[PDB]
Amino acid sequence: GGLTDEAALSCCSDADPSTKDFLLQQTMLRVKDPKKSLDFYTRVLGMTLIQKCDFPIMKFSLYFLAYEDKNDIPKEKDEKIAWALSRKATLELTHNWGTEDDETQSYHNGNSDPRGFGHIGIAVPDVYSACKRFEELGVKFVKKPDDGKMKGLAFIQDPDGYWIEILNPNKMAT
C-alpha cells in the first residue's frame, strides 16, 4: 500500500504562472482563552502578535501570531494589516467570546476520533535546548525528544491541547 515515488510524481503538475505569487499565509486554530494563548505563543514560543481583529456583532476576535520582528510591524493601521496578512507562515487564533468562562467548553485537537488536522510544527536549531527551556517553563509534552521510536523529535501542546512538533531539520535525515 502507499504510493510509489513514481506514482506521486505522476500526480504532480508544475506551478501555472497564474499561481506564481500565491503564498501559504495562515493556519487557523480556535482558542478557548486568548489570555493563555497570547502568553504561550509570545512568551514561551517567541512569536509576535502582528494583528488583532474584532467582530463585535458576531462576537469573535482574530489574533495573528508570526515569527516576525516587532520593529517590522507598520505603524499605520491599513499598511499594518496588508503587511500582516501577506506574511508567510502565520497562525490565526480565533477567540469565540465567552468560551474562557464556560467550564464545559473545549476544542478538539484532531488527534483522537474524529481525526483530521494533526499539528503545527516549529523548526529550531537544537530540539534538546529548546525542550529544556519548554520544560523549565512548565510546557506539557506529548512526546519528549528521546521518548518513543524517533529520537531527537518532540511534540508539545498549547493551552488548548493542540500538538506542536519541535524538529531540527539538520537532524531529520537520521
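In this text, residue numbers run from 1 along the sequence as written.
Peer 1: With reference to the PDB entry, specify whether the mean Cα temperature factor is higher for 140 to 148 or for 64 to 72.
Peer 2: Per the deposited B-factors, the answer is 140 to 148.
Peer 1: Where do the C-alpha atoms have the higher mean temperature factor in this entry, in 105 to 113 or in 44 to 52?
Peer 2: Between 44 to 52 and 105 to 113, it is 105 to 113 that shows the higher mean C-alpha B-factor.
Peer 1: Among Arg133, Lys35, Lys59, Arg30, which residue carries the highest C-alpha B-factor recorded in the PDB entry?
Peer 2: The C-alpha B-factor peaks, among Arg133, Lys35, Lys59, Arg30, at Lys59.
Peer 1: Please place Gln25 in the lowest, middle or highest third of its chain by C-alpha B factor as given in the entry.
Peer 2: For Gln25, the deposited C-alpha B-factor lands in the lowest third.
Peer 1: Rank-wise, by C-alpha B-factor, drop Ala154 into the lowest, middle or highest third of its chain.
Peer 2: Tercile = middle for this residue's CA B-factor.
Peer 1: Ranking every modelled residue in this chain by its Cα temperature factor as given in the entry, which third contains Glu165?
Peer 2: Lowest third, going by the recorded CA B-factors of the chain.
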